[PDB]
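Asker: Please find one structure pasted underneath; my questions will follow.
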Amino acid sequence: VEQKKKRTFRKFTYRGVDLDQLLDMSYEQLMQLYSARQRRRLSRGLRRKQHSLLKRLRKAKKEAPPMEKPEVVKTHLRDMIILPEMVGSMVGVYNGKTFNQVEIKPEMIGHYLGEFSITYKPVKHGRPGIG
Amino acid sequence: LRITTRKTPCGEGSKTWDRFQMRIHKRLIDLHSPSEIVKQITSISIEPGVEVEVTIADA
Amino acid sequence: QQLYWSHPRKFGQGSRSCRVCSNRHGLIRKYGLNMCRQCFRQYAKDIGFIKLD
Amino acid sequence: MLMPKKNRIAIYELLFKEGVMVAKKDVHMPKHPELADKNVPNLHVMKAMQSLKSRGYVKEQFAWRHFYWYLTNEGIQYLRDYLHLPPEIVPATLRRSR
Amino acid sequence: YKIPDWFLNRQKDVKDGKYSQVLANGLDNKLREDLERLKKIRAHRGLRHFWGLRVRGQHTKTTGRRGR
Amino acid sequence: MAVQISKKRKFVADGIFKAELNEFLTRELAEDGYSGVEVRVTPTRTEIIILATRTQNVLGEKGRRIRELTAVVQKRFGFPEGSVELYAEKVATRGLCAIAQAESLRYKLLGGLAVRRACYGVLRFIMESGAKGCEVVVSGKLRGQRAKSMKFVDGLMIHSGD
Amino acid sequence: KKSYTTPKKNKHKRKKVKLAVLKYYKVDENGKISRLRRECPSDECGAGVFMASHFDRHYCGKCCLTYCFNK
RNA sequence: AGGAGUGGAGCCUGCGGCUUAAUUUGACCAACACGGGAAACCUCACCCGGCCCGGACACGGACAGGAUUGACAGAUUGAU
RNA sequence: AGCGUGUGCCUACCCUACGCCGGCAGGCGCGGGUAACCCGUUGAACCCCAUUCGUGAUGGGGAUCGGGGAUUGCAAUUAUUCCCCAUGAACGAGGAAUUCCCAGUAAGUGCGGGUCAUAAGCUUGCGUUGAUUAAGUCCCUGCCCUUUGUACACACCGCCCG
């Protein structure tokens, strides 16, 4: 994170409220901010051993030196809502073999992890073949 | 009962099907008499594989 | 040993199985089938049906 | 194990009483209902009959996803001594069929 | 003037905090922002946009041609 | 003990019981000259008439085999105990019983014997027993590793219509 | 379908070390039996088995999901 | 003799070619909305990681201060 | 208007009337149906009757695409499906070629079943509206029978010459 004017200040507060309020909110107030698909995942789910991830992120964020990011926490889970608390961590996300690392921005909140790591080569061609 | 399904396993060749059908039949005779002599005489004197269901009352 | 061996199968094409040997691929349910279309044919003579049309 | 020593008895004793066993081909049976009552959470019937069958003492049919194990004379002698039973007891059956 | 919120173009734009109705030349300006945003974060979306390929779940094998 | 399934589904489940049994038995009574079954539910009792030509080998000494078979069905389909009752039956005129004639030819062949003389021997029996005509096919290998077919036919036959 | 390609690790099951057996009961004089650490307190435990002297961790091995003191 | 179309346009779907770590595979009038084949997982045969044995039976070896079985926490690990 | 279908089945699941709440998707409370019994006197579409638009790539066409709301599931991202507002493309009757069809038939038009936790532009059946053209021929393509010729029989996709 090194951005400005994307969740506080002049230009952009996250649907009328700053990041600072979100962190003090429970999930209950947070989900009522319009993003329909998110609300399913919380109200139904309520932690199906996402426990393993969310403790490692906070932990590693704490122990890491000031003005420096942590190492990585890795996942095969490409599914989990990006949240304000998660921001500042660095996460490697399994594709089919490869853990593509990404920094979490406050501007990515609401999205999934798996949108920021691709799982195919974009494509080139080609020279049509024989048949 | 209709069943309309492929005639070819592992589909190849001209596309064909096969209609099978089963026809059930129902019919019922209503008696009003003492339940004893009915349940006595009913269950006997049946040669073929044909089902019978006795009911206490319906009317 | 292990603490897992299974994962939710509750719907879909993997939580029902057809009676060849536990064969699949050949999705089947009809009127209480659970009976494989290849063998259904071999039971045209057997009881359930006699072909008439 | 391979299986406990309790669950051996409960199969070998049950076979001796009916003279025949039957079961289904599965590996996700949770407690094996349909006798042996709620103490076989896995293969165990199939796995123990197969070892018994290797050494004779039983015959085995299989038809439409169901086993059928038929106890034989040799296994009756074995099971009788193995389970310390009277020198003449068969509770499976013993009468003439008319 | 009591036209309902659901009947608008935009409900909670996103990062602006309100219900809005957008008209001609402001529509384009708003639209171009959301494109830029999805390449800023660089989600799957902005990459598909920048490559000039279909955003939504669609086959591109037999769909397109400009080329042949 | 209730309620009870739809009338449509009532016939399907009967057919499944009629069919499964008919292939269960064929894998055990093959050597005893199996020829079919005929089931009948009767008042508070099941009858399963186990048709085979030689009731001797079916019965066994002290009725052991018939006792095995009844105990099987009593557990397998989850019948109420003691309701099941088996009966045997010998068929007279055995050459109209195609199923048994075919499965007898099988053990003659698998016993280790020539094909031509075996096919002739079964043929004249089913012709003698009474029959307008009759036919035999043997398709598969013999005298090398390419397949052939061998038809042996006598009398009348039909192939078309009801 | 095709044959397995070489690994650079694989190891199956640990050999579950071949420790000397029963020194858990200490004898210094008779008929006295000098027990060390406490014998397991659960109803489902028989309390004839010892608990682990595993200091900074205190755990019944008969239990396999429960009853872990640590002080 | 005529009727309605296809080939033209947009879209769905199958097939070839190309790409890819894998883009599983059969089929070339009598293949090509065909293999009930409208694949989120399952299915699944493919690719990449991790675990398990569900290697019967026989013979020999081991072996009742004992053959052997399982597991908390910490570390490790996508993973409790 | 018709052929059907429906929970008590596989392992967890049916078809829905009625009442209430919501623009809609939908939610919620009650009741029936083992079925010529309840859903369903299946109160379907095209068609029919009256307004509006006016020859304009137009209000024809609805591709592409932004934002938001619901439902299924353990999980919906490369958008499962459904709904609301906005965006408004090709396309203005189609080359060389080619398919299918003779009476409730072609064509137009809707519905049920199949796969199905969620979901038909597919397939299989069913009703509804309902023409024009023929009553023939071997021209093309192909097939049956006879006669004839052959260096062919792996049979003209054959065989064979410099």
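Letters for chains follow the order of the structure tokens (A, B, ...), residue numbers begin at 1 for each chain, and ligand numbers begin at 1 in the order shown.
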Using DSSP secondary structure from the backbone, list all helix (DSSP H, G or I) positions within chain E, as an MDAnalysis selection string.
Answerer: chainID E and resid 5:7 24:40 44:51
Asker: Could those selected residues go to a file with C-alpha atoms, as a PDB file, in the first residue's frame?
Answerer:
ATOM      1  CA  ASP E   5     -34.092   4.276  -5.885  1.00  0.00           C
ATOM      2  CA  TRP E   6     -34.246   0.909  -7.708  1.00  0.00           C
ATOM      3  CA  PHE E   7     -35.450   2.735 -10.842  1.00  0.00           C
ATOM      4  CA  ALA E  24     -24.924  12.033 -21.301  1.00  0.00           C
ATOM      5  CA  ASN E  25     -21.322  13.270 -21.099  1.00  0.00           C
ATOM      6  CA  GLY E  26     -20.919  12.350 -17.407  1.00  0.00           C
ATOM      7  CA  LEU E  27     -21.890   8.736 -18.217  1.00  0.00           C
ATOM      8  CA  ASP E  28     -18.817   8.248 -20.413  1.00  0.00           C
ATOM      9  CA  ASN E  29     -16.543   9.839 -17.784  1.00  0.00           C
ATOM     10  CA  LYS E  30     -17.952   7.557 -15.063  1.00  0.00           C
ATOM     11  CA  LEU E  31     -17.662   4.521 -17.362  1.00  0.00           C
ATOM     12  CA  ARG E  32     -13.991   5.142 -18.198  1.00  0.00           C
ATOM     13  CA  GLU E  33     -13.209   5.357 -14.457  1.00  0.00           C
ATOM     14  CA  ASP E  34     -14.519   1.851 -13.715  1.00  0.00           C
ATOM     15  CA  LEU E  35     -12.359   0.438 -16.549  1.00  0.00           C
ATOM     16  CA  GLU E  36      -9.296   2.209 -15.136  1.00  0.00           C
ATOM     17  CA  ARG E  37     -10.101   0.977 -11.603  1.00  0.00           C
ATOM     18  CA  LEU E  38     -10.213  -2.669 -12.679  1.00  0.00           C
ATOM     19  CA  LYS E  39      -6.747  -2.356 -14.240  1.00  0.00           C
ATOM     20  CA  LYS E  40      -5.511  -0.377 -11.188  1.00  0.00           C
ATOM     21  CA  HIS E  44      -9.197 -10.502 -14.326  1.00  0.00           C
ATOM     22  CA  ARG E  45     -11.593  -7.849 -15.658  1.00  0.00           C
ATOM     23  CA  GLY E  46      -9.142  -5.088 -16.666  1.00  0.00           C
ATOM     24  CA  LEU E  47      -6.823  -7.608 -18.340  1.00  0.00           C
ATOM     25  CA  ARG E  48      -9.690  -8.905 -20.515  1.00  0.00           C
ATOM     26  CA  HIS E  49     -10.611  -5.261 -21.247  1.00  0.00           C
ATOM     27  CA  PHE E  50      -7.050  -4.241 -22.209  1.00  0.00           C
ATOM     28  CA  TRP E  51      -6.583  -7.393 -24.366  1.00  0.00           C
TER      29      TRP E  51
END
Asker: Can you pull out the residues contacting residue 1 of chain A? Cut-off 12 Å, using only C-alpha atoms (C1' of nucleotides), and skip same-chain residues under 5 positions away; I want them as a list in words.
Answerer: residues 6, 7, 67, 68, 69, 86, 87, 88, 89, 90, 102, 103, 104, 105, 106, 107 and 108 of chain A; 41 of chain E
Asker: How about saving the chosen residues, C-alpha atoms kept, as a tab-separated table (two decimals), in the first residue's frame?
Answerer:
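What landed in out06.tsv:
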chain	number	residue	atom	x	y	z
A	6	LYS	CA	-8.81	5.62	-2.89
A	7	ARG	CA	-10.57	5.05	0.44
A	67	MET	CA	7.76	0.13	7.17
A	68	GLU	CA	8.25	-3.38	5.79
A	69	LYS	CA	5.75	-5.97	4.61
A	86	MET	CA	-6.49	-8.34	5.52
A	87	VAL	CA	-4.89	-5.25	3.90
A	88	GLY	CA	-1.10	-4.83	4.15
A	89	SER	CA	-0.45	-8.58	4.10
A	90	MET	CA	1.11	-10.43	1.19
A	102	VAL	CA	0.16	-10.25	-4.51
A	103	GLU	CA	0.01	-7.32	-2.12
A	104	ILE	CA	-3.45	-6.54	-0.76
A	105	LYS	CA	-4.70	-3.00	-1.40
A	106	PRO	CA	-7.63	-1.28	0.39
A	107	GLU	CA	-9.03	-0.80	-3.14
A	108	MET	CA	-9.44	-4.56	-3.66
E	41	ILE	CA	-6.19	-3.35	-8.92
Asker: Set the cut-off to 10 Å and count only C-alpha atoms (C1' of nucleotides): what are the residues of chain A that reach chain I? Output as a list in words.
Answerer: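 For chain A, the answer reads residues 34, 35, 36, 37, 41, 45, 48, 78, 79, 80, 111, 112, 113, 114, 115, 116, 118 and 119 of chain A.
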Asker: Emit the selected residues as a CSV table (one decimal), in the first residue's frame, including N, CA, C and O atoms.
Answerer:
chain,number,residue,atom,x,y,z
A,34,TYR,N,-23.8,-2.2,0.1
A,34,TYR,CA,-24.3,-2.9,-1.1
A,34,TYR,C,-23.2,-3.7,-1.9
A,34,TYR,O,-22.3,-3.0,-2.5
A,35,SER,N,-23.3,-5.0,-1.9
A,35,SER,CA,-22.4,-5.9,-2.7
A,35,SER,C,-22.9,-7.3,-2.6
A,35,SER,O,-22.1,-8.2,-2.3
A,36,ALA,N,-24.1,-7.5,-3.1
A,36,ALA,CA,-25.0,-8.6,-2.8
A,36,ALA,C,-24.5,-10.0,-2.6
A,36,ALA,O,-24.9,-10.7,-1.6
A,37,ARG,N,-23.6,-10.5,-3.5
A,37,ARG,CA,-22.9,-11.8,-3.4
A,37,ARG,C,-22.1,-12.0,-2.1
A,37,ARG,O,-22.1,-13.1,-1.6
A,41,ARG,N,-22.1,-15.2,1.5
A,41,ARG,CA,-21.0,-15.9,1.9
A,41,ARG,C,-20.7,-15.7,3.4
A,41,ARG,O,-20.1,-16.6,4.1
A,45,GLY,N,-22.1,-18.8,5.7
A,45,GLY,CA,-20.9,-19.5,6.0
A,45,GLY,C,-20.5,-19.4,7.5
A,45,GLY,O,-20.6,-20.5,8.1
A,48,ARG,N,-15.6,-21.6,8.0
A,48,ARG,CA,-15.5,-23.0,7.8
A,48,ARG,C,-14.0,-23.3,7.7
A,48,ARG,O,-13.5,-23.8,6.6
A,78,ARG,N,-8.7,-20.0,-3.3
A,78,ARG,CA,-8.8,-18.8,-4.2
A,78,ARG,C,-10.0,-18.1,-3.8
A,78,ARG,O,-10.3,-17.1,-4.5
A,79,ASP,N,-10.7,-18.5,-2.8
A,79,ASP,CA,-12.0,-18.0,-2.4
A,79,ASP,C,-11.9,-17.6,-1.0
A,79,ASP,O,-11.5,-18.3,-0.2
A,80,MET,N,-12.3,-16.3,-0.8
A,80,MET,CA,-12.4,-15.6,0.5
A,80,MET,C,-12.5,-14.2,0.1
A,80,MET,O,-11.7,-13.7,-0.7
A,111,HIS,N,-13.8,-8.0,-3.6
A,111,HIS,CA,-13.4,-9.0,-4.5
A,111,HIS,C,-12.9,-10.2,-3.9
A,111,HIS,O,-12.7,-10.3,-2.7
A,112,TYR,N,-12.6,-11.3,-4.7
A,112,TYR,CA,-12.0,-12.5,-4.2
A,112,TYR,C,-10.5,-12.5,-4.5
A,112,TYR,O,-10.0,-11.6,-5.2
A,113,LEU,N,-9.8,-13.4,-3.9
A,113,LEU,CA,-8.3,-13.6,-4.0
A,113,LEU,C,-8.0,-14.0,-5.4
A,113,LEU,O,-7.0,-13.6,-6.0
A,114,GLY,N,-8.8,-14.9,-6.0
A,114,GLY,CA,-8.5,-15.6,-7.2
A,114,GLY,C,-8.7,-14.8,-8.5
A,114,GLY,O,-8.3,-15.3,-9.6
A,115,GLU,N,-9.1,-13.5,-8.4
A,115,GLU,CA,-9.2,-12.7,-9.5
A,115,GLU,C,-7.9,-12.0,-9.8
A,115,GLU,O,-7.7,-11.5,-10.9
A,116,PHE,N,-6.9,-12.1,-8.9
A,116,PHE,CA,-5.7,-11.4,-9.0
A,116,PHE,C,-4.6,-12.3,-9.3
A,116,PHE,O,-3.4,-12.0,-9.3
A,118,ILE,N,-3.9,-15.4,-12.3
A,118,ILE,CA,-4.4,-16.1,-13.5
A,118,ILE,C,-3.9,-17.5,-13.5
A,118,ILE,O,-3.0,-17.8,-12.6
A,119,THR,N,-4.4,-18.3,-14.4
A,119,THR,CA,-4.3,-19.7,-14.3
A,119,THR,C,-4.1,-20.3,-15.7
A,119,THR,O,-4.4,-21.5,-15.9
Asker: What's around residue 23 of chain G at 12 Å? Count only C-alpha atoms (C1' of nucleotides), leave out sequence neighbours fewer than 3 positions away in its own chain, and write the answer as number ranges by chain.
Answerer: G: 19-20, 26-27, 34-36, 50; H: 65
Asker: Would you save the residues of that selection, restricted to C-alpha atoms (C1' of nucleotides), as a PDB file, in the first residue's frame?
Answerer:
ATOM      1  CA  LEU G  19      12.118 -47.388  24.038  1.00  0.00           C
ATOM      2  CA  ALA G  20      12.797 -49.455  27.158  1.00  0.00           C
ATOM      3  CA  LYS G  26       9.575 -46.929  41.316  1.00  0.00           C
ATOM      4  CA  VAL G  27      10.569 -49.275  44.123  1.00  0.00           C
ATOM      5  CA  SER G  34       6.407 -44.929  44.684  1.00  0.00           C
ATOM      6  CA  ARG G  35       4.244 -43.528  41.899  1.00  0.00           C
ATOM      7  CA  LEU G  36       5.559 -40.587  39.907  1.00  0.00           C
ATOM      8  CA  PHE G  50      -0.192 -43.169  33.676  1.00  0.00           C
TER       9      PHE G  50
ATOM     10  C1'   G H  65      10.719 -55.371  29.780  1.00  0.00           C
TER      11        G H  65
END
Asker: Env of residue 34 of chain H: 12 Å cut, atoms = only C-alpha atoms (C1' of nucleotides), seq-sep filter 5 positions within chain, self excluded. Answer as JSON, numbers by chain.
Answerer: {"B": [6, 8, 9, 10, 11, 12, 13, 14, 15, 16], "H": [14, 15, 26, 27], "I": [122, 123]}
Asker: Give as a list in words every residue of chain H that touches chain C within 8 Å, counting only C-alpha atoms (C1' of nucleotides).
Answerer: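 Matching residues, ligands excluded from the count: residues 36, 42, 43, 51 and 52 of chain H.
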Asker: I'd like a table as JSON lines: residues in chain I with an atom no more than 12 Å from chain B, each row giving the shortest atom pair and its distance in Å to one decimal, only C-alpha atoms (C1' of nucleotides) counted, sorted by chain and rising residue number.
Answerer:
{"residue": "I:3", "atom": "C1'", "partner": "B:2", "partner_atom": "CA", "distance": 11.1}
{"residue": "I:4", "atom": "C1'", "partner": "B:2", "partner_atom": "CA", "distance": 9.9}
{"residue": "I:5", "atom": "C1'", "partner": "B:1", "partner_atom": "CA", "distance": 11.2}
{"residue": "I:36", "atom": "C1'", "partner": "B:26", "partner_atom": "CA", "distance": 11.3}
{"residue": "I:37", "atom": "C1'", "partner": "B:58", "partner_atom": "CA", "distance": 11.2}
{"residue": "I:113", "atom": "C1'", "partner": "B:2", "partner_atom": "CA", "distance": 9.3}
{"residue": "I:114", "atom": "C1'", "partner": "B:4", "partner_atom": "CA", "distance": 8.4}
{"residue": "I:123", "atom": "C1'", "partner": "B:5", "partner_atom": "CA", "distance": 10.3}
{"residue": "I:124", "atom": "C1'", "partner": "B:4", "partner_atom": "CA", "distance": 6.9}
{"residue": "I:125", "atom": "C1'", "partner": "B:4", "partner_atom": "CA", "distance": 9.1}
Asker: Report, in Å with one decimal, the straight-line distance from atom CA of residue 51 of chain C to atom CA of residue 21 of chain B.
Answerer: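 Computed distance, atom CA of residue 51 of chain C to atom CA of residue 21 of chain B, equals 6.9 Å.
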Asker: Could you list, as number ranges by chain, the residues of chain E having an atom within 12 Å of chain H when counting only C-alpha atoms (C1' of nucleotides)?
Answerer: E: 58-64
Asker: Any chance you could export the current selection's N, CA, C and O atoms as a CSV table (one decimal), in the first residue's frame?
Answerer:
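Everything below was put into result.csv:
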chain,number,residue,atom,x,y,z
E,58,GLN,N,-18.2,-16.4,-22.1
E,58,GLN,CA,-18.5,-16.5,-23.4
E,58,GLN,C,-17.4,-17.2,-24.0
E,58,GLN,O,-16.2,-17.1,-23.5
E,59,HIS,N,-17.6,-18.0,-25.1
E,59,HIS,CA,-16.6,-18.7,-25.9
E,59,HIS,C,-16.1,-17.7,-26.9
E,59,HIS,O,-16.9,-16.9,-27.4
E,60,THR,N,-14.8,-17.7,-27.2
E,60,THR,CA,-14.2,-16.8,-28.2
E,60,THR,C,-13.6,-17.6,-29.3
E,60,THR,O,-13.1,-17.0,-30.2
E,61,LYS,N,-13.8,-18.9,-29.2
E,61,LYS,CA,-13.2,-19.9,-30.2
E,61,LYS,C,-13.9,-19.7,-31.6
E,61,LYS,O,-13.2,-19.7,-32.6
E,62,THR,N,-15.2,-19.5,-31.6
E,62,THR,CA,-16.0,-19.4,-32.8
E,62,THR,C,-16.7,-18.0,-32.8
E,62,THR,O,-17.5,-17.8,-33.7
E,63,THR,N,-16.3,-17.1,-31.9
E,63,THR,CA,-17.0,-15.8,-31.8
E,63,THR,C,-15.9,-14.8,-31.9
E,63,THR,O,-15.0,-14.7,-31.2
E,64,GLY,N,-16.2,-13.9,-32.9
E,64,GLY,CA,-15.3,-12.8,-33.2
E,64,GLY,C,-15.0,-12.8,-34.7
E,64,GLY,O,-16.0,-12.9,-35.5
Asker: Write out, as JSON lines, each residue of chain H that has an atom at most 8 Å from chain G, together with the closest pair of atoms and their distance in Å to one decimal, counting only C-alpha atoms (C1' of nucleotides), rows going by chain and rising number.
Answerer:
{"residue": "H:65", "atom": "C1'", "partner": "G:21", "partner_atom": "CA", "distance": 5.1}
{"residue": "H:70", "atom": "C1'", "partner": "G:64", "partner_atom": "CA", "distance": 7.5}
{"residue": "H:71", "atom": "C1'", "partner": "G:64", "partner_atom": "CA", "distance": 5.0}
{"residue": "H:72", "atom": "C1'", "partner": "G:68", "partner_atom": "CA", "distance": 6.1}
{"residue": "H:73", "atom": "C1'", "partner": "G:57", "partner_atom": "CA", "distance": 6.7}
Asker: Could you pull out the strand (DSSP E) residues of chain B from DSSP and send them as a PyMOL selection string?
Answerer: chain B and resi 2-6+17-21
Asker: Residues of chain A no more than 8 Å from chain H, counting only C-alpha atoms (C1' of nucleotides): send them over as an mmCIF file with N, CA and C atoms, in the first residue's frame.
Answerer:
data_model
loop_
_atom_site.group_PDB
_atom_site.id
_atom_site.type_symbol
_atom_site.label_atom_id
_atom_site.label_comp_id
_atom_site.auth_asym_id
_atom_site.auth_seq_id
_atom_site.Cartn_x
_atom_site.Cartn_y
_atom_site.Cartn_z
ATOM 1 N N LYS A 74 0.620 -18.615 2.369
ATOM 2 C CA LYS A 74 0.234 -19.209 1.113
ATOM 3 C C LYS A 74 -1.126 -19.807 1.284
ATOM 4 N N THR A 75 -1.818 -20.058 0.147
ATOM 5 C CA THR A 75 -3.156 -20.588 0.116
ATOM 6 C C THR A 75 -3.266 -21.448 -1.117
ATOM 7 N N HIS A 76 -4.093 -22.519 -1.036
ATOM 8 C CA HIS A 76 -4.712 -23.119 -2.198
ATOM 9 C C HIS A 76 -6.110 -22.594 -2.335
ATOM 10 N N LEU A 77 -6.586 -21.794 -1.355
ATOM 11 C CA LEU A 77 -7.915 -21.247 -1.368
ATOM 12 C C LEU A 77 -7.868 -19.979 -2.165
ATOM 13 N N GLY A 96 -2.287 -23.746 -10.702
ATOM 14 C CA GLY A 96 -2.222 -25.178 -10.825
ATOM 15 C C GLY A 96 -0.922 -25.689 -10.302
ATOM 16 N N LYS A 97 0.129 -24.836 -10.220
ATOM 17 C CA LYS A 97 1.413 -25.248 -9.697
ATOM 18 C C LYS A 97 2.064 -24.112 -8.972
ATOM 19 N N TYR A 120 -3.695 -19.426 -16.601
ATOM 20 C CA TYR A 120 -3.496 -19.803 -17.972
ATOM 21 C C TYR A 120 -2.562 -18.776 -18.551
ATOM 22 N N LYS A 121 -1.909 -19.100 -19.694
ATOM 23 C CA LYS A 121 -1.057 -18.167 -20.395
ATOM 24 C C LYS A 121 -1.960 -17.409 -21.337
ATOM 25 N N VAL A 123 -2.347 -16.036 -24.355
ATOM 26 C CA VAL A 123 -2.417 -16.871 -25.538
ATOM 27 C C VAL A 123 -1.533 -16.155 -26.521
ATOM 28 N N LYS A 124 -0.833 -16.909 -27.393
ATOM 29 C CA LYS A 124 -0.225 -16.351 -28.576
ATOM 30 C C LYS A 124 -0.547 -17.295 -29.687
ATOM 31 N N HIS A 125 -0.356 -16.812 -30.930
ATOM 32 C CA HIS A 125 -0.416 -17.618 -32.123
ATOM 33 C C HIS A 125 0.634 -17.071 -33.044
ATOM 34 N N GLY A 126 0.955 -17.850 -34.069
ATOM 35 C CA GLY A 126 0.301 -19.132 -34.236
ATOM 36 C C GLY A 126 0.701 -19.911 -35.471
ATOM 37 N N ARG A 127 0.476 -19.324 -36.640
ATOM 38 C CA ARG A 127 0.798 -19.999 -37.882
ATOM 39 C C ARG A 127 -0.147 -21.180 -38.011
ATOM 40 N N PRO A 128 -1.262 -20.981 -38.817
ATOM 41 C CA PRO A 128 -2.162 -22.142 -38.901
ATOM 42 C C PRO A 128 -1.437 -23.420 -39.299
ATOM 43 N N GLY A 129 -1.830 -24.535 -38.696
ATOM 44 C CA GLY A 129 -1.213 -25.822 -38.969
ATOM 45 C C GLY A 129 -1.598 -26.448 -40.294
ATOM 46 N N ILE A 130 -1.551 -27.776 -40.344
ATOM 47 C CA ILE A 130 -1.884 -28.520 -41.553
ATOM 48 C C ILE A 130 -3.388 -28.582 -41.801
ATOM 49 N N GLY A 131 -4.030 -29.623 -41.280
ATOM 50 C CA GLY A 131 -5.460 -29.809 -41.450
ATOM 51 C C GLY A 131 -6.299 -28.625 -41.017
#
Asker: Report as a PDB file with N, CA and C atoms (P, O5', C5', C4', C3', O3' and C1' of nucleotides), in the first residue's frame the set of chain I residues whose atoms approach chain E to within 6 Å, with distances computed over only C-alpha atoms (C1' of nucleotides).
Answerer:
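Produced file part_11.pdb, reproduced below:
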ATOM      1  P     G I  67     -19.341  -2.635 -13.045  1.00  0.00           P
ATOM      2  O5'   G I  67     -20.626  -2.093 -12.295  1.00  0.00           O
ATOM      3  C5'   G I  67     -20.549  -0.866 -11.560  1.00  0.00           C
ATOM      4  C4'   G I  67     -21.943  -0.439 -11.082  1.00  0.00           C
ATOM      5  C3'   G I  67     -22.708  -1.422 -10.189  1.00  0.00           C
ATOM      6  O3'   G I  67     -22.222  -1.401  -8.843  1.00  0.00           O
ATOM      7  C1'   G I  67     -24.169  -0.567 -11.823  1.00  0.00           C
ATOM      8  P     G I  68     -22.377  -2.733  -7.976  1.00  0.00           P
ATOM      9  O5'   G I  68     -23.931  -2.834  -7.685  1.00  0.00           O
ATOM     10  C5'   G I  68     -24.547  -1.852  -6.846  1.00  0.00           C
ATOM     11  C4'   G I  68     -26.072  -2.002  -6.886  1.00  0.00           C
ATOM     12  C3'   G I  68     -26.647  -3.337  -6.411  1.00  0.00           C
ATOM     13  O3'   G I  68     -26.660  -3.400  -4.982  1.00  0.00           O
ATOM     14  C1'   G I  68     -27.688  -2.748  -8.421  1.00  0.00           C
ATOM     15  P     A I  79     -17.290 -18.633 -16.577  1.00  0.00           P
ATOM     16  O5'   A I  79     -18.230 -17.684 -15.727  1.00  0.00           O
ATOM     17  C5'   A I  79     -18.742 -16.479 -16.305  1.00  0.00           C
ATOM     18  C4'   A I  79     -18.934 -15.463 -15.189  1.00  0.00           C
ATOM     19  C3'   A I  79     -20.198 -15.514 -14.347  1.00  0.00           C
ATOM     20  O3'   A I  79     -20.179 -16.668 -13.508  1.00  0.00           O
ATOM     21  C1'   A I  79     -19.510 -13.270 -14.729  1.00  0.00           C
ATOM     22  P     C I  85     -36.705  -2.212 -16.053  1.00  0.00           P
ATOM     23  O5'   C I  85     -35.560  -1.130 -15.911  1.00  0.00           O
ATOM     24  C5'   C I  85     -35.821   0.101 -15.227  1.00  0.00           C
ATOM     25  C4'   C I  85     -34.524   0.895 -15.058  1.00  0.00           C
ATOM     26  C3'   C I  85     -33.710   1.184 -16.325  1.00  0.00           C
ATOM     27  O3'   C I  85     -34.310   2.246 -17.081  1.00  0.00           O
ATOM     28  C1'   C I  85     -32.248   0.427 -14.654  1.00  0.00           C
ATOM     29  P     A I  86     -34.069   2.259 -18.660  1.00  0.00           P
ATOM     30  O5'   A I  86     -32.515   2.506 -18.869  1.00  0.00           O
ATOM     31  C5'   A I  86     -31.955   3.776 -18.513  1.00  0.00           C
ATOM     32  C4'   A I  86     -30.424   3.737 -18.604  1.00  0.00           C
ATOM     33  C3'   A I  86     -29.822   3.404 -19.977  1.00  0.00           C
ATOM     34  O3'   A I  86     -29.801   4.567 -20.810  1.00  0.00           O
ATOM     35  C1'   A I  86     -28.791   2.064 -18.348  1.00  0.00           C
TER      36        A I  86
END
Asker: Suppose you want the space between atom CA of residue 14 of chain A and atom CA of residue 60 of chain A; what is it in Å?
Answerer: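 Rounded to one decimal, the two atoms are 26.0 Å apart.
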Asker: What's around residue 19 of chain C at 12 Å? Count only C-alpha atoms (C1' of nucleotides), leave out sequence neighbours fewer than 6 positions away in its own chain, and write the answer as a ChimeraX atom specification.
Answerer: /C:25-29,33-40 /D:24-25,63-66 /F:16,20 /I:10
Asker: Between I:135, I:20, I:44, I:117, which one has atoms that come closest to residue 102 of chain I, using only C-alpha atoms (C1' of nucleotides)?
Answerer: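 For residue 102 of chain I, the nearest of the candidates is I:135.
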Asker: Please identify all polymer residues within 9 Å of residue 28 of chain A, counting only C-alpha atoms (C1' of nucleotides), omitting same-chain residues fewer than 4 positions from it, and present them as a list in words.
Answerer: residues 32, 42 and 43 of chain A
Asker: Tell me which of F:99, F:141, F:40, F:50 sits closest to residue 24 of chain F, counting only C-alpha atoms.
Answerer: F:50
